[PDB]
Amino acid sequence: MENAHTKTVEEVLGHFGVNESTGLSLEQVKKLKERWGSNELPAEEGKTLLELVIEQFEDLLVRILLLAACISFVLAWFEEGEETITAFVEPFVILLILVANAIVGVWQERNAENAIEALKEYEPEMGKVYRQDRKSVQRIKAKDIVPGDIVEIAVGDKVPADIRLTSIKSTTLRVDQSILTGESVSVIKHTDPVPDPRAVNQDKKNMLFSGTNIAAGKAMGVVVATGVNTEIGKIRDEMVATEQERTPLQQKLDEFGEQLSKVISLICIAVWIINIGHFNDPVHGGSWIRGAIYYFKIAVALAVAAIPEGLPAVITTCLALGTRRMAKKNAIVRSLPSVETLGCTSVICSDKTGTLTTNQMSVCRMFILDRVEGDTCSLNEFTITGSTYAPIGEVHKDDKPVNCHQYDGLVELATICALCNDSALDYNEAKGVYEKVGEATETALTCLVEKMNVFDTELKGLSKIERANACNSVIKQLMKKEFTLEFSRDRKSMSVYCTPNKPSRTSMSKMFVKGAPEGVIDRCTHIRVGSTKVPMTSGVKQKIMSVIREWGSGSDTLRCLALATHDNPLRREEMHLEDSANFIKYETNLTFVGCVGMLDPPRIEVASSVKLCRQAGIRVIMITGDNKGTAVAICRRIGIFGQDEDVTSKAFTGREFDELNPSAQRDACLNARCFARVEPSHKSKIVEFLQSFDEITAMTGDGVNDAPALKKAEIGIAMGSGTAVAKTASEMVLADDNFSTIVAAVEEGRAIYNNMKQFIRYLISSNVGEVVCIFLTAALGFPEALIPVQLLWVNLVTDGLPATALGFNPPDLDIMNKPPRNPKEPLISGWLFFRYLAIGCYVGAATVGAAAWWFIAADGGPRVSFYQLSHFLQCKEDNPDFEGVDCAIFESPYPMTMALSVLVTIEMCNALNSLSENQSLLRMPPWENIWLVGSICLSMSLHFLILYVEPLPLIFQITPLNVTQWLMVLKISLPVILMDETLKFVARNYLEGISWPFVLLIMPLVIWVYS
Ligand SMILES: Nc1ncnc2c1ncn2[C@@H]1O[C@H](COP(=O)(O)OP(=O)(O)CP(=O)(O)O)[C@@H](O)[C@H]1O
Ligand SMILES: [Ca+2]
Ligand SMILES: [Ca+2]
Ligand SMILES: [Mg+2]
């Protein structure tokens, strides 16, 4: 069966031997499972290891160090080419820092993919089928669907396999198949066969494809292909590498990356220029071209040192960390920019039903009319026990057990709930619980019919399975459903045209209507009291609405629904059911029967989440299509409003919002916190009004009425137990429906930006000190304190792992107390620019002072004066200004080792400053980031290694230091902490919990270094 769209519905069902009513057997499914297998696609390997490494070396900042490593190679291969001892050490230390950052980036990217893939199996994909075990619809796993079984699918569902449409229950069926054919509109389907055997998928009507969603309607069909035999499975090879747009923060770092490479080039050009007079010095052999090449290597080695080469890698691991940290909290992050954009979210619009509430509805009370005075009416208000979907409960009239058969209004109320219902109740023998098949509002009515049991049937000898739809089957055996005017959110109602099967009374067909109590009652002209009908007046209209308003605004905050019937409807011939606007024209002159109120408890984590968002400057707005009285009462429960807060201008309806010119409509959208009774058209309109104020909007939803708003918001967050239409229009999915994961995603997105600013602060405060070290030496006339191979050792030790370990920084202590960040402001602030220069100027002066100390004040070194150190090039044995000074000590490796050791040490102490922007080290000790402690101990281990290992001091032109000289290195390196603790102190006090184990740990160190 490969061309099913060209065959009649009877011909396809005959091919499988299946009936559309009873379904498929279980001896047939066992045979079909062996010949066809499970309905699932093989797992894709994704980005391979080699491809994942190539993406690390595609940024400009990494391509400079690649070219500089090539320059250092071709410049060291022409002099002493056949060598490996000291010639090719400069290109080697340039490549080690590149492969170190490439390993961390690939390993962290591989971790985020593994956590995401392990989250796809959180809850298995399910599918509704008809099988001969039960006479009702049952949920099974989508992988256990075999070709040939009857599958039922409704609005919002995801088509589990290729389905030949057998019967459409509603007036029309729309399917969103942009995933397969690429058309951005819902396609209308039918049940008639198409003649063309080679029709394209756009022309393949009467066929629903796996992976696509049902946009509107309800239908059933027979599966014709599963697994790799579906249209979306046969094209899984046509999966080209999509152009993933850069994160809006990555665009800020790319502009900053090219702006920094332009200023670094001007700095390296200046280094080669300010040293013109040193080209023909005797150190280089008196040759100009020999000295010009030497200072070209200092400029190249300074470019590698000054350029942040781990910046494209650290943004990779941070975004990869945010994805893995969210997948551990059961949150599927589809779009990479989504977790970073949530850190700047200012408004969180949220669906109420199914999103802020558990969606575990249960009809707990109802009422019918007892007797009509003529101006007022007495109501027979009942109550029902039970909070789950199990059909075990008791109906009480006045807290006394009552039987529903003696009330003819209850018999009629149960009939409307049974027939005007596109849902059912399923038993789960694996879990031992009754679960819903369809919407929660309708299954609550399906379970209510079982508890009422208006037609007293023997319900004791039936199993758990046959008790889910026992009382409903009795009602549906009495009335024959003709067609369904499906639920449309413009009228907020739904009717069903039923005909009584009994020909004895010869009753004409009726229309059983259920919907929102506000609109349905307005279309009601009569009221059903007991078994007789009496015309409705405006006095009894107030009594019915007042009870419903008490239910919604009460303590239980009930979700109400009115039930009505139409005694004399038009025939099917006169009704024009093609369009949907005529449906409200047939739901007129109704007879009000009763109203039901079902409880929908909010989720436990919602109340604490709204409190954390308000503290973080975020605003939570409830966009619901439910009643205003129910919405405001839920908002007072979850914390959006106070239990006595006035909401005269913070809660609006769809009608009240439209009856407002754009003047007041604007100033009401940023001040409101609850929108009730809004269509899917309004929800996206609310979201675009909030984006008009330059606000990052995050919409959270579960149903098809939220997909237009989920597409317009910057971030769309879908619930895991929601419809597949909402989960398709969303960037993040809460697999466990935990609303507290949203605020964790905001804290994580703010952490990605914080780790970025600390990385920038560390590689600019430090690398400026390496640039100042070279220019300060030149302006003072001192001997050069660093050679190219040592400028490349500082880059490896300081710009390597101690810089990437900043992406593992812990969140700040005030991370979620600051207002949301505006993504339009510049990356680096003007105050941060001062903090970079203030630290760098000390790092540079400390490195020059370390070399100047040995030449002037050290005991082992000469006691050379400041004049002789500044004019060291003019020293000969005939100069009376240089007496006793052996002027071969100006090339000694001691001052170059003091400067190399101070540069490395002062940058490790500057990394300890880069754990937070303003929190001191006594408040956030360095062991809160253990990846940084290990990176510093490794960098200091490698520094001590080249100082004392057999051949290495010769390769780097350094000499081993003693304990007295190492105490001097620490004397100058430690004040870089005190300088940044001071700059952090000013930012806290004048611009914007001391750990005693840390204070007591550093005091034996601080007193030792300074005596
Ligand atoms: N199957 C159904 N049949 C008839 N009326 C329904 C219905 N489902 C919901 N309604 C009613 O239509 C009204 C508005 O439609 P809507 O689809 O927006 O409700 P909803 O359950 O989605 C609230 P939310 O938007 O917060 O999820 C609801 O208040 C409800 O009373
Ligand atoms: Ca560097
Ligand atoms: Ca550095
Ligand atoms: Mg909802």
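Quick note: numbers on chain A are straight from Swiss-Prot, i.e. 1-992, 1013-1031, in order.
How was it done? The header gives electron microscopy, 2.8 Å.
Yeah, the Cβs are placed from backbone N, Cα and C, and that goes for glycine too.
Listed features, source Swiss-Prot:
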- 49-69: transmembrane segment (TRANSMEM)
- 90-110: transmembrane segment (TRANSMEM)
- 254-273: transmembrane segment (TRANSMEM)
- 296-313: transmembrane segment (TRANSMEM)
- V304, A305, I307, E309, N795, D799: Ca(2+) 1 binding site (BINDING)
- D351: active site, 4-aspartylphosphate intermediate (ACT_SITE)
- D351, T353, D702: Mg(2+) binding site (BINDING)
- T441: phosphothreonine (MOD_RES)
- 575-594: region 'Interaction with HAX1' (REGION)
- 757-776: transmembrane segment (TRANSMEM)
- 787-807: transmembrane segment (TRANSMEM)
- 787-807: region 'Interaction with PLN' (REGION)
- 828-850: transmembrane segment (TRANSMEM)
- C875-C887: disulfide bond (DISULFID)
- 897-916: transmembrane segment (TRANSMEM)
- 930-948: transmembrane segment (TRANSMEM)
- 931-942: region 'Interaction with PLN' (REGION)
- 964-984: transmembrane segment (TRANSMEM)
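Known features from Swiss-Prot, placed on the structure.
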residue	record	contacts (Cβ under 8 Å, 6+ apart)
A305	Ca(2+) 1 binding site	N767, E770, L791, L792, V794, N795, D799
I307	Ca(2+) 1 binding site	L61, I64, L65, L260, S261, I264, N767
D351	active site, 4-aspartylphosphate intermediate	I623, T624, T700, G701, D702, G703, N705, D706
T353	Mg(2+) binding site	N359, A440, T441, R559, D600, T624, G625, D626, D702, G703
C875	disulfide bond	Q868, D881, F882, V885, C887, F890
For the region 'Interaction with HAX1' (575-594), residues assigned helix / strand / coil by DSSP: 4 helix, 5 strand, 11 coil
Distance in angstrom, CA of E992 to CA of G1013, with 20 unmodelled residues intervening: 18
Annotated recorded positions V304, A305, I307, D799, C875, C887, filtered by Cβ under 6 Å to ligand 4: none
Entries of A305, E309, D351, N795, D799, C875 (recorded positions) sitting next to ligand 2, with Cβ under 6 Å as the cut-off: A305, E309, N795, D799
Neighbourhood of ligand 1 - recorded positions from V304, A305, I307, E309, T441, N795 with Cβ under 6 Å: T441
The transmembrane segment (90-110) in contact with the transmembrane segment (254-273), cutoff 8 A, at least 3 CB pairs, sep 6+: no
Per-state residue totals over the region 'Interaction with PLN' (787-807) - DSSP helix, strand, coil: 18 helix, 0 strand, 3 coil
Cβ packing number for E309 (Ca(2+) 1 binding site), 10 Å threshold: 26
Shell list (Ca(2+) 1; ref centroid = CB of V304, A305, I307, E309, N795, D799; cutoff 8 A): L65, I97, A303, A306, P308, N767, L792
Cβ under 6 Å from ligand 3: qualifying recorded positions of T353, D799, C887: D799
For the transmembrane segment (787-807), sequence-distant contacts whose Cβ falls under 8 Å of one of its Cβ atoms, 6 or more beyond its ends: 72, 86, 89-90, 93-94, 96-97, 100-101, 104, 297-298, 300-302, 304-305, 308-310, 313-314, 317-318, 321, 755, 758-759, 762-763, 766-767, 770, 896, 900, 903-904, 907-908, 911, 914-915, 929, 931-932, 934-936, 938-939, 942-943, 946, 955-958
